[PDB]
Number of protein chains: 4
Amino acid sequence: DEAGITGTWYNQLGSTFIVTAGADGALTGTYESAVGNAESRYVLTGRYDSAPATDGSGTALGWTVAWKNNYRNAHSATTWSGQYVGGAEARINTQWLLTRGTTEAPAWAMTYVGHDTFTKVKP
Amino acid sequence: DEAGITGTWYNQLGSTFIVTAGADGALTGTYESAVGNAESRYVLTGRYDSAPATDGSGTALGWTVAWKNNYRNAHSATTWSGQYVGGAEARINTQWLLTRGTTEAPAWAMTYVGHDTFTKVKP
Amino acid sequence: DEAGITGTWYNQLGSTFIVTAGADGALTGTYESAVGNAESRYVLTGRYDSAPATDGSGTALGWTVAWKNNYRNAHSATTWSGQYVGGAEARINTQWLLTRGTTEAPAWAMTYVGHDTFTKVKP
Amino acid sequence: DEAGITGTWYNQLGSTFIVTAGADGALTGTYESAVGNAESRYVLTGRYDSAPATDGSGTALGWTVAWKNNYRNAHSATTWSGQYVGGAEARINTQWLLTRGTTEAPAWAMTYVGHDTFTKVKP
Ligand SMILES: NCCNS(=O)(=O)c1ccc(NC(=O)CCCC[C@@H]2SC[C@@H]3NC(=O)N[C@@H]32)cc1
Ligand SMILES: NCCNS(=O)(=O)c1ccc(NC(=O)CCCC[C@@H]2SC[C@@H]3NC(=O)N[C@@H]32)cc1
Ligand SMILES: NCCNS(=O)(=O)c1ccc(NC(=O)CCCC[C@@H]2SC[C@@H]3NC(=O)N[C@@H]32)cc1
Ligand SMILES: NCCNS(=O)(=O)c1ccc(NC(=O)CCCC[C@@H]2SC[C@@H]3NC(=O)N[C@@H]32)cc1
Ligand SMILES: [Ir+4]
Ligand SMILES: [Ir+4]
Ligand SMILES: [Ir+4]
Ligand SMILES: [Ir+4]
Ligand SMILES: [Ir+4]
Ligand SMILES: [Ir+4]
Ligand SMILES: [Ir+4]
Ligand SMILES: [Ir+4]
Ligand SMILES: [Ir+4]
Ligand SMILES: [Ir+4]
Ligand SMILES: [Ir+4]
Ligand SMILES: [Ir+4]
Ligand SMILES: [Ir+4]
Ligand SMILES: [Ir+4]
Ligand SMILES: [Ir+4]
Ligand SMILES: [Ir+4]
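For this deposition, the record names X-ray crystallography as the technique by which the model was determined and cites 1.78 Å as its resolution.

Going by the annotation in the PDB entry, the name recorded for chain A is Streptavidin, with Streptomyces avidinii given as the source organism. Taken directly from UniProt, the Function text for chain A runs: "The biological function of streptavidin is not known. Forms a strong non-covalent specific complex with biotin (one molecule of biotin per subunit of streptavidin)."

This is the structure:
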């Protein structure tokens, strides 16, 4: 799955996820969001299960982007959790949590939840 | 917040999160879970907003653990998303997503959601 | 949106959601899941915003199914939260939480998160 | 658990949840939020597993509030999913999803996730 994962992925919004999978389980790369308070590339880091159960079973993985680079600071961070499924139409199906840096007035409302599907071809 | 974050944290279950915050926004360290299919330490990586809005506002951050080390492979990965709040009782308040590597029979049921609060003193 | 909502909806898994929207904001109906520990129809109840902001804006809503009927007891319950969007291809886009009745050994792992999209035509 | 559930509950924010559990699995009542865009009581409806596995196991349940009453319309709705645990310190431990009625500019950001713990005594 190392070879499967490494590369460029696109989600349903047009965002671009460029990642390298390490042999040890590391994930490193850059993320560019087509939406929100974001411009250009942001660093990402994460992990994956580098010894999946190959018996028709996806590979677990996750990663994080803090939404600060040289251009913008959106005072927020997103984590995606999901699985890589290989094959002719390879996908990474994820859910995500986006937490914003705020005061303790709306701290109850600090996190969005959503989902992203990544494919090797761009919509 | 770099100095604030770096160190050892404990959640309400007794798990131990040892992290170093980089000046650039990197998070690196190890995680030991007191529960689930887990034993000893696991690598973690993540990111944080290294230029918060200091106006009473938390620092956004997240990180990932893939639940494979030399002892066990739980074919899963967890991402935590939340915020660091500094001060006399410093906390990292998070929500988390745990995705399991499974077939496409229960792929609809691939992810748990939960929440963890981390403190500098252990319960 | 009352007229919009009331009716039969289908999700991407083949499940069937039959609902009536009340003028007061009530939602009542039955749910049949194509997957999981489920057979035949289950009662549902929920609510919707019966005075949306009609300025291109979806209508907020949610509902609950407890997964017990005359045939099966799956000791669980699911809530869906999302929005109705009207028009030629009307949709209800939701996220959901499914909580299982368990002991306090895996209570940290009590809830799944997922997402469903409902359409008026069945896949 | 019918007798257990029916009554007045308080969460960690000071909100008040007044509910009646039906013998058939119905939940009906009113919710008053101490926070957000909310004033006075709002109708709620939901369901619970009215034949739990009494072997130390919680009772699954959920419910919905649409945040419109005679005073305010917050164009949103919240669903809570969780479990009732009985005894000397009875609790309802939940996670929740709050979806807002918005356009398809930030539809990716339509839902918050959080968690509430309800007790029979108010903080
Ligand atoms: N009131 C002030 C602003 N309003 S606010 O609500 O407080 C708020 C604050 C910060 C954000 N932060 C971002 O906008 C960064 C990019 C997020 C891209 C997501 S990351 C998940 C999803 N997938 C993707 O490829 N792009 C999207 C979002 C909303
Ligand atoms: N049917 C086979 C097993 N059953 S299964 O359901 O498929 C399943 C599969 C894998 C897992 N994976 C783990 O158990 C690793 C540690 C998780 C620790 C969490 S991580 C969030 C929480 N916080 C913490 O400090 N510890 C806990 C959990 C459940
Ligand atoms: N170890 C014992 C069983 N394993 S367990 O993990 O503890 C567990 C326990 C109970 C359930 N409960 C159901 O299976 C009922 C139907 C759920 C349908 C969902 S509801 C959201 C989604 N949308 C839909 O239309 N169908 C699906 C699921 C998993
Ligand atoms: N930009 C315009 C407003 N900003 S917005 O972000 O779009 C937005 C829109 C609507 C809401 N809707 C409410 O505020 C109603 C009460 C929610 C109470 C929760 S319900 C879960 C939690 N538990 C509880 O007892 N009270 C709290 C929240 C945020
Ligand atoms: Ir395996
Ligand atoms: Ir918070
Ligand atoms: Ir919280
Ligand atoms: Ir979707
Ligand atoms: Ir700032
Ligand atoms: Ir899946
Ligand atoms: Ir999905
Ligand atoms: Ir809690
Ligand atoms: Ir309006
Ligand atoms: Ir629990
Ligand atoms: Ir909890
Ligand atoms: Ir999807
Ligand atoms: Ir039982
Ligand atoms: Ir949406
Ligand atoms: Ir969506
Ligand atoms: Ir909490």
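Read on, since the account is not over.
**Concerning the site of ligand 1**
In the vicinity of ligand 1 there are 19 residues, among which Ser15, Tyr31, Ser33, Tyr112 and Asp116 of chain A approach most closely. Among the chains of the assembly, those with residues near ligand 1 are chains A and D. Within the backbone of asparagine 37 of chain A, an N or O atom sits 2.9 Å from an oxygen atom of ligand 1. For ligand 1, an oxygen atom lies 2.7 Å from a polar atom in the side chain of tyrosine 112 of chain A.

**Here's the deal with the interface of chain B and chain A**
If you look at the interface, chain B gives 45 residues, while chain A gives 45 residues. Approximately 3,300 Å² of surface area, both sides summed, lies buried where chain B meets chain A, with 59% of it carried by carbon and sulfur atoms. Joining chain B to chain A, the criterion identifies 0 salt bridges. Joining chain B to chain A, the criterion identifies 18 residue pairs in polar contact. Contributing elements (two or more residues each) for the side of chain B that touches chain A: β4 (42–48), β5 (59–68), β6 (73–85) and β7 (91–100) of chain B. Counting residues per element, the side of chain B that touches chain A draws most heavily on β6 of chain B, at 10 residues. Taken together, the residues of the side of chain B that touches chain A sort by class into 16 nonpolar, 23 polar and 6 charged.

**Remarks on the UniProt feature "binding site: biotin" in chain A**
As annotated in UniProt, the feature "binding site: biotin" corresponds to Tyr31, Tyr42, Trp80, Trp96 and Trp108 of chain A in the numbering used here. Across 78 residues in sequence, these annotated residues place their C-alpha atoms as far as 27.6 Å from one another, rather than forming a single compact spot. Mapping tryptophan 80 of chain A onto the fold places it in strand β6 (residues 73–85). Checked against the element boundaries, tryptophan 96 of chain A lands in strand β7 (residues 91–100). In this structure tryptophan 96 of chain A comes out as buried when scored by relative accessible area, which is 5%. Each residue touching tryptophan 96 of chain A, except ones within four places of it in the same chain, is listed here: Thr78, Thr79, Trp80, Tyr112, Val113, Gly114, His115 and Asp116 of chain A, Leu97 of chain B together with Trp108 of chain D.

Criteria and cut-off values
Residues numbered from 1 in each chain as written, not as in the entry; some residues may be left out. Chains lettered and ligands numbered in written order. Heavy atoms only, no water. UniProt positions renumbered as here; feature names shortened; annotations may be inferred. Near = heavy atom within 4 Å. Polar contact = N/O pair within 3.5 Å; in protein donor to acceptor, adjacent residues only side chain to side chain. Contact = heavy atoms within 4.5 Å. Buried area = accessible area lost by both parts, 1.4 Å probe. Salt bridge = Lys/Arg side-chain N within 4 Å of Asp/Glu carboxyl O. Helix = DSSP H or I, 4+ residues; strand = E, 2+ residues; numbered from the N terminus. Nonpolar A, V, L, I, M, F, W, Y, C, P; charged D, E, K, R; others polar. Buried < 20%, exposed > 50% of the residue type's maximum accessible area, 1.4 Å probe, protein only.

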